[PDB]
Every structure is written in C-alpha cells, then in structure tokens.
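So this first bit is one chain, no partners, the form deposited in one PDB entry, shown in structure tokens.
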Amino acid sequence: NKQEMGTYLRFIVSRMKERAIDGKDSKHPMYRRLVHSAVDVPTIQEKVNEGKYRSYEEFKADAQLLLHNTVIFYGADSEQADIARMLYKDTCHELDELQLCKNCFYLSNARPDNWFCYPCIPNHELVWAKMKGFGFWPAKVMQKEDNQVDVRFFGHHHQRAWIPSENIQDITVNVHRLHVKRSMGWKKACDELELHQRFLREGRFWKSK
C-alpha cells in the first residue's frame, strides 16, 4: 500500500500541478494575517515524495486546506476561488477513480501498450452502450445503479460516461444486429475489445518492473 500510495499520489499531484499555475500567489503579507494553516502544491508534492501521508484522507485534507486558504485570502466569490474549487474537485475526482478500481487507475495513468486491455479483479462487466448522437460502442462497466450505468468506452479518448440502462446491451448480442456507424474509430474500439477479451482468456495480467 505504501508503495502504491506513493505512485498513485504522484500521478495525482502531477496532474494537479499544471492547472494550478493559471498565478500571483498566496504570499502577500496578509497571508499570515487571514490564513491559519499554510500549504501550497510544492509542499504537498514534497510530502508525497517523503512519504509523509499516512492515508489518502490526509492527502485530501491538505488539498482541502489549500482550497480553504485560497477562499479566505481572495474571497469566496473571487476568480481564484473558482479555479481553486475546480482544482480541488479534480483532485478528489482522481481519488474517487482510484477507489473505483486501483488497477484501472494505474493503467489509465501509466499507459503501457494496450493498457485498457489488461484484466482487473474482479473482471469488469462488458457492454454495448449508445450515447445520444452515437450508435453502440463497446465499454467496461465501472459501477451502476438501477437506472444508469457508469462506463468507460473502448477506443479513442476512452470516453467516460453515464448511460441510461435502456441504452445498454449485453456484450453477447450479435454486433451485426444493432445500430452503429462502422467507422474506422468504431472498428478500432472493437479490435481493442477483442484484445481485452483475449487477455482475459489468457490470464495475461499487467506486470510491472
């Protein structure tokens, strides 16, 4: 876990680092004056590297505190607050995604060749799903509730979307039957689906080092 925490947090901080520049920063003389506890991205990045976070909750609390200071120092209605709010949301979203499936999260960030084809445990349910404007594309189910399913599509972008349950078909349905445009992109996604299914059958699990 401690090794995993390190690499996962590094992925998140790296992503949080850029949308954090735009930049005139919380180093006014009044920063001392309005802000209780000090923190910035470099401090967080150091704490990640030195293994200072005991849990993801402690990391999240530092991200929250950074948001709180920005709000206090610039005002809740300020544009700096808007940006910092989006930063915090994005950070917490990554933590959500990590919790959803650690293996998906690692592969999605590290992106080795054919990253989306490696199996997870438990295996993700596979479906055909259509979005408004599109025909059916193959996808992995990440989670679901009664009236909708959270999927990540095969192919370009590997688009993440909520799909109404009525727009889902079992992966065992015959492709030729239902509606979709057989574009090059769609065929590429179907190839990726098949390669994923082959890796599953092979027991070809992702191996680091």
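A residue's number is simply how far along the shown sequence it sits, counting from 1.
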{"property": "Which of 187-195 and 10-18 has higher mean CA B factor, as the PDB entry lists it", "result": "10-18"}
{"property": "Selected stretch [higher average CA B-factor]: 75-83 or 114-122", "result": "75-83"}
{"property": "Top residue by Cα temperature factor, when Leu66, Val48, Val35, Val173 are compared in the entry", "result": "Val35"}
{"property": "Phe153, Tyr31, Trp162, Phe59, ranked by C-alpha B-factor: the highest one", "result": "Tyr31"}
{"property": "Chain thirds of CA B-factor: placement of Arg54", "result": "highest"}
{"property": "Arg177, C-alpha B-factor rank within chain (lowest, middle or highest third)", "result": "highest"}
{"property": "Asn147 CA temperature factor, ranked by third within the chain", "result": "middle"}
{"property": "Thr70 CA temperature factor, ranked by third within the chain", "result": "middle"}
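One more form of this protein, deposited with a partner chain bound, exists but is not displayed; see below.
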{"property": "Candidate stretches 81-89, 119-127, 94-102, 67-75 - the one whose heavy atoms come within 4.5 Å of the partner chain in the bound PDB entry", "result": "94-102"}
{"property": "Candidate from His158, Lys47, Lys60, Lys144 lying within 4.5 Å of the partner chain in the bound PDB entry - any heavy atom", "result": "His158"}
{"property": "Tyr53 within 4.5 Å of the partner chain in the bound PDB entry, heavy atoms", "result": "no"}
{"property": "Contact of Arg152 with the partner chain in the bound PDB entry (heavy atom, 4.5 Å)", "result": "yes"}
{"property": "Any non-hydrogen atom of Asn114 within 4.5 angstroms of the partner chain in the bound PDB entry", "result": "no"}
